[PDB]
Amino acid sequence: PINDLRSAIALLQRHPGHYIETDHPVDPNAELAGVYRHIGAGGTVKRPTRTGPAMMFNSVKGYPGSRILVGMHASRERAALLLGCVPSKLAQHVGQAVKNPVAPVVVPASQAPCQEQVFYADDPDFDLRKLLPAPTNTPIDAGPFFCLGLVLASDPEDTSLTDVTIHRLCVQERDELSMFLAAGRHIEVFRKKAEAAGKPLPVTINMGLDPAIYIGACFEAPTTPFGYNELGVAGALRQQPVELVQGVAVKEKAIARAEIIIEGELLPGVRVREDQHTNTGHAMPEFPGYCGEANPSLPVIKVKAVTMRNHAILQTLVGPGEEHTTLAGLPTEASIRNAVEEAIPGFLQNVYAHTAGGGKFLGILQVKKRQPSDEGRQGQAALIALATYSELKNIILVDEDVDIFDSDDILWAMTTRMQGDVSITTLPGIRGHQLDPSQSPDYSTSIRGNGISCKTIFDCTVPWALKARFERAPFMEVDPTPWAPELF
Amino acid sequence: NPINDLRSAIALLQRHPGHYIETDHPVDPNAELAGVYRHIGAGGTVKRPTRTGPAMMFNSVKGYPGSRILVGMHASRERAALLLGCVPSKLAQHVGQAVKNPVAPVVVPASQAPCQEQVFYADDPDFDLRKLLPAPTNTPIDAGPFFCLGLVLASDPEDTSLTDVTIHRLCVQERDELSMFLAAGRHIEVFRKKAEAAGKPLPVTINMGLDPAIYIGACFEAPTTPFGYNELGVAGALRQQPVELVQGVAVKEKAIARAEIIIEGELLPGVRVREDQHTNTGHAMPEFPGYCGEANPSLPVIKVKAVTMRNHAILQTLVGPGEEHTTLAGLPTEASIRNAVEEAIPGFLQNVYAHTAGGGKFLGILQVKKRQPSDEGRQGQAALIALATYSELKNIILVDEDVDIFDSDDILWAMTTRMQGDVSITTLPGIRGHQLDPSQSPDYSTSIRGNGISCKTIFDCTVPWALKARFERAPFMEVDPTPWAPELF
């Protein structure tokens, strides 16, 4: 079975094409990301690019004994393989585990591989910049970045309330990182509580994990006493609870079977400019495919210790490309699937949070009109999708005979099953997302501020009265394996 | 002093003058009855002149001595709020709070079942439902006499632990037969299909004359628990006292113990009737949008086995259905819309009104408060959530927190001074709405592909965030005007 990063790699090695290694040296500064751009970054990264194998870089220039791993989640086919289900049913699969979680468990340090090696910060030869090779994606980033930091944090007033989230961090000093916290998230509430009292907030950055943890943590989870409830998804996906170990130097727990763990605390009453040492004005590439701007006021994490297993694998991403599409798009598809199935049972067939929108901006809904009254319900499904995921932008509606994962087949529906003065409904002035650069008053007079957009529903479904005229050419059902065994 | 039935609720209304009256003037239950209350308290989408007023008891029914007919009990938001102990603006919240912590019903012996103080078995050859109950007709073109507030209890004919309680309307067809429509996809309809498949009837009880808490709570979405009857849990929570149930006398189903009248019958398999078979008016009844509905051609028949009522049983129904429908339908509408927006955008939606001009279903008024620049653009998000939550909505109007969403004058004011027709109006064609809107027809629009499909419109009458400083309503000094006119307060 799988219970950490390395056992997942073993499964990938039994399916050739999903994992490779290389011993040719590489620079973690921009060179690594530039290489994986051609191999497996995918997503919204500039062409040429493609989905490919997960990649391991064994020779890291300037970091002997370190190995960097990227693209673990940069493939919907790979992600379904890691959880054991069909790719088209992957969101439905994880959504089922969301509804029947398996709570994590605390285990002693003897069962925590993540603490085989310990490095305290108060040691005078400790330097976070020499201990870990944090890669940069572009030569214009704010600095070195960790992009897959599973952050654990508890309320300082009541430890029974926790939060499990994925963050990115920029290495600033030998013992400091900058970390943005989304306003409204529980951990940001926890941090403002501690900063209001002048106290730091202990946290753990857990990196190099079972893919089931990274994916499952992106879903919304209920709350239970001493919860860490986001981990319950991975517990249900593996039918084995996720094990936790007490931190070595902070009053917070950590993933026991993690590759690397940074223990630190959010400092009270201190901010930092994200690119203070590079002065590029930017932070790093964002999921829409453009370079985000450097945040001028970020809170600082003061590192206390770094614990890692022997021959620790540093896991991060590149792009963020298809990797971000997987981690954000599966929750997007799941919450839309639940909302529509609740409102219109048996109508929605599937949903794809398209990788062209990073799994956030573009939603493709596949419906099936079973009866005359289903005409008019496709627009209802699009309204439900927009209402469930406010950060969406455009919705495309197609029938069950369209493959929503094939963008050629989507454009085909836009071509032969659509009239621009009939099938296109615009919705101006709806709050969308700040990182879409076209959501600007400079782009449209109907946009009153940044992050507001026009939202468009493309109804490429066949009108119920005409479905007999739109049957695709019916080729005979055959098994092509005998005529070309090598292709199957 | 507490409320546990219809008569204890009437007693509370009598302590608040203006909400209940009686009359001893003889009234004809055929048309004349509804025609009178149209002027007095029908309200809603009833054709003018009309208004909301007191609930009304007609003690003198022509041809029915000893009968007394009750209408208008829920025909007022103030009256409903008083009947539940809260302010009318927070009425949807107060019930939604009780929905989340229901109190389960309890079965009791016939000793504690006032509803069974009288029993009329249908096997008597002189039995006649027409002689027994004076079911009124709302208009002269109705399909026949109607019961409009029948709380129906039913259970799965296979797994009796699965129950469903709902509100239906029933048309009197014979001395022992009623026609009753059932909405597809609901549990009681699925229960009837299983029974009809095996050639077996389905036992039901029709409970009429209830605590308003029961009628109101039954319209909300309830969970399902073993032998739960969960829609009754809202009323039990609203009274902090469980609803009492009594085993049926002639059929295999329980009934409301504190009810005024009970009809015990069975849904006969295979048999079908058209609603207007005895009248041929082509119509059924006035519907909530304000028009007379068409007669249903194929309706399942309820064969009554026993009628059960207390001494001097009050016959409760509605007229219009007017404001009475707006209350029963609009409170669930507002509650679910409020829950959906508060989850998605906390602290943004201030209130919501399922406007009575929409019958509590077609028109939604949303009161939002823009607190920060990021709130600009979320008002349309709030409208999309409501449309997604209640698909039978047609139009949405967005207003700010300084607009009284229950004052239609104030709504048209926001639509006059806080709106530009080429900026603030978003049309959404081809969205299924509701069959009873007559404009949802291909004959009304070329963008409508079939009956029940509509264009849905969002009127954004909120002040743009950047201009809010220019749209402050005139600030009048806050005073307590009681000493200057104590008779008005």
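Labels below follow one simple rule: chain letters A, B, ... track the order of the sequence lines, proteins then strands, and each chain is numbered from 1. Every heavy atom of this structure was used, including side-chain atoms; hydrogens, water molecules and symmetry mates were not.
Side-chain contact between B/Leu366 and B/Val399 is absent, with no heavy-atom pair separated by less than 4.5 Å. Within the 4.5 Å cutoff, side-chain heavy atoms of A/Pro299 are placed close to those of A/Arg191. The side-chain heavy atoms of B/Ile385 and B/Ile337, taken from C-beta on, include no pair separated by under 4.5 Å. Side chains of A/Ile213 and A/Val242 form a contact here, defined as non-hydrogen atoms less than 4.5 Å apart. In this structure, A/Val306 and A/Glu263 have side chains that are not in contact, with every pair of non-hydrogen atoms separated by 4.5 Å or more. Two residues are said to be in side-chain contact when any heavy atoms from C-beta on lie closer than 4.5 Å; A/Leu201 and A/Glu265 fail this criterion. Side-chain contact check for A/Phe145 versus A/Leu169: every heavy-atom pair is 4.5 Å or farther apart. Two residues are said to be in side-chain contact when any heavy atoms from C-beta on lie closer than 4.5 Å; A/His167 and A/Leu181 meet this criterion.
Remark: side-chain polar atoms of A/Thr326 are paired, donor with acceptor, to backbone N or O of A/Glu322 under 3.5 angstrom. A/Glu274 contributes a side-chain N or O that, together with a main-chain N or O of A/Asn295, makes up a donor-acceptor pair within less than 3.5 Å. With hydrogens and angles ignored, the 3.5 Å screen pairs no side-chain donor or acceptor of A/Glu259 with any backbone N or O of A/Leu314. Between the side chain of A/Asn206 and the main chain of A/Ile255, a donor-acceptor pair closer than 3.5 Å is present. Panel note: side chain B/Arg378, backbone B/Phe348; no donor-acceptor pair is recorded below 3.5 Å. Listed for the A/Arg309 side chain is no donor-acceptor partner under 3.5 Å among the backbone atoms of A/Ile260. Judged purely by atom type and a 3.5 angstrom limit, A/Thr332 uses its side chain to pair as donor or acceptor with the backbone of A/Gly359. Not a single donor-acceptor pair under 3.5 Å links the side chain of A/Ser440 to the backbone N or O of A/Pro437.
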Can you give me every donor-acceptor pair (side chain of residues 128-135 of chain A, partner residue at least two apart or in another chain, under 3.5 Å) with its distance?
residue: A/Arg129; atom: NE; partner: A/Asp127; partner atom: OD1; Å: 2.8
residue: A/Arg129; atom: NE; partner: A/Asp127; partner atom: OD2; Å: 3.4
residue: A/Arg129; atom: NH2; partner: A/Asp127; partner atom: OD1; Å: 3.2
residue: A/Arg129; atom: NH2; partner: A/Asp127; partner atom: OD2; Å: 3.1

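Residues A/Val233 and A/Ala97 share a closest heavy-atom pair of O-CB, 4.0 Å. Smallest separation of non-hydrogen atoms from A/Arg431 and B/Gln381: O-OE1, 4.5 Å. Of all heavy-atom pairs between A/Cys291 and A/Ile140, the closest is SG-CD1, 3.6 Å. The two atoms that bring A/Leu32 and A/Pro28 nearest to each other are CB-CA, 4.4 Å, heavy atoms only. Closest of all the heavy-atom pairs between B/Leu398 and B/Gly380 is CD1-N, 4.2 Å. Closest non-hydrogen pair, A/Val60 versus A/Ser66, comes out as CG2-O, 3.5 Å.
For B/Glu343, the CD atom is loosely surrounded, since the number of other residues' heavy atoms within 6.0 Å does not exceed 12. Sparse packing is recorded around NZ of B/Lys369, with 12 or fewer heavy atoms of other residues, nucleotides or ligands lying under 6.0 Å away. No more than 12 heavy-atom neighbours from other residues, nucleotides or ligands sit within 6.0 angstrom of CZ on B/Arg470. Residue-environment remark: NZ (A/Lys192) stays at or below the threshold of 12 foreign heavy atoms within 6.0 Å. Residue-environment remark: CD (A/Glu293) stays at or below the threshold of 12 foreign heavy atoms within 6.0 Å.
Under the 3.5 Å distance criterion, with hydrogens and angles disregarded, a donor-acceptor pair is assigned to the side chains of B/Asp460 and B/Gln379. Counted by atom type alone, A/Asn310 and A/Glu116 present one or more donor-acceptor pairs between their side chains at under 3.5 Å. A/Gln117 and A/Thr307 share no side-chain donor-acceptor pair at under 3.5 Å. Remark: the A/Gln434 side chain and the A/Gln439 side chain contain no N/O donor-acceptor pair separated by less than 3.5 Å.
A salt bridge links A/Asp436 and A/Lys393; the closest N-O separation between the charged side-chain nitrogens and carboxylate oxygens is under 4.0 Å. Salt bridge A/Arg257/A/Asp210: absent, no basic N to carboxylate O contact under 4.0 Å. Salt-bridge formation is detected for the pair A/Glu391/A/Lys360: a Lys NZ or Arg NE/NH1/NH2 atom is positioned less than 4.0 Å from an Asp or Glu carboxylate oxygen. Between B/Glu376 and A/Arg448 there is a salt bridge, with a side-chain nitrogen of the basic residue lying less than 4.0 Å from a carboxylate oxygen of the acidic one. Checked for salt-bridge contact, A/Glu220 and A/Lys99 miss the test: no charged N lies under 4.0 Å from a carboxylate O. Of the charged side-chain nitrogens involved, none lies within less than 4.0 Å of a carboxylate oxygen, so that B/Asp400 and B/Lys370 do not count as a salt-bridged pair. Ion pair A/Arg168/A/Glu286 flagged as a salt bridge, since at least one NZ, NE, NH1 or NH2 atom sits closer than 4.0 Å to an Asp/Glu carboxylate oxygen.
The CG atom of A/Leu317 sits 7.5 Å away from atom CG of A/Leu327, with the distance rounded to the nearest 0.5 Å. Taking CG from A/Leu152 and CG from A/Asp163, the interatomic distance works out to 8.5 Å, rounded to the nearest 0.5 Å. For the atom pair CG (A/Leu209) and CG (A/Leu148), the distance works out to 8.0 Å, reported to the nearest 0.5 Å. To the nearest 0.5 angstrom, A/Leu244 atom CG is 12.0 Å from A/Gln111 atom CD. Once rounded to the nearest 0.5 Å, the distance linking SG of A/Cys114 with CE of A/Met207 reads 11.5 Å.
None of B/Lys90, B/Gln93, B/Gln367, B/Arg338 except one satisfies the side-chain hydrogen bond (donor to acceptor under 3.5 Å, both in side chains) rule with B/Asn351; the exception is B/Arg338. A side-chain hydrogen bond (donor to acceptor under 3.5 Å, both in side chains) with A/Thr136 holds for exactly one of A/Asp141, A/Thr278, A/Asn29; it is A/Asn29.
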| query | Given the rule in the side-chain contact (heavy atoms from CB on, under 4.5 Å) test, do A/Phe190 and A/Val203 qualify, once you have shown the distances and angles that lead to the verdict? | reply | CA-CA 11 Å; A/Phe190 300 160; A/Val203 294; over 6 Å; no
| field | Audit row: A/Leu330, A/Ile215, side-chain contact (heavy atoms from CB on, under 4.5 Å) steps and yes/no | value | CA-CA 8 Å; A/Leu330 266 31; A/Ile215 299 171; 3.9 Å; yes
| request: Go through the steps to decide whether A/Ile166 and A/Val151 satisfy the test side-chain contact (heavy atoms from CB on, under 4.5 Å), and finish with yes or no. | output: CA-CA 6 Å; A/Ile166 296 181; A/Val151 176; over 6 Å; no
| task | For A/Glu195 and A/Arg271, run salt bridge (charged side-chain N to carboxylate O under 4.0 Å, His left out): C-alpha distance rounded to whole Å, both residues' side-chain angles, the deciding distance at 0.1 Å, then the answer. | result | CA-CA 12 Å; A/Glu195 194 176 42; A/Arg271 297 297 182 273; 2.9 Å; yes
| message | Does B/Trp465 form a side-chain contact (heavy atoms from CB on, under 4.5 Å) with B/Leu467? I'd like the steps, not just the answer. | response | CA-CA 6 Å; B/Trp465 165 263; B/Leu467 311 182; over 6 Å; no
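Aromatic pair A/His73/A/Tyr214: centroids less than 6.0 angstrom apart.
Among residues at least two apart or in separate chains, ring pair (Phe, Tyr, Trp, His ring centres under 6.0 Å) pairs with a member in residues 274-329 of chain A are A/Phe287-A/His324, A/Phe287-A/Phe361, A/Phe287-A/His433.
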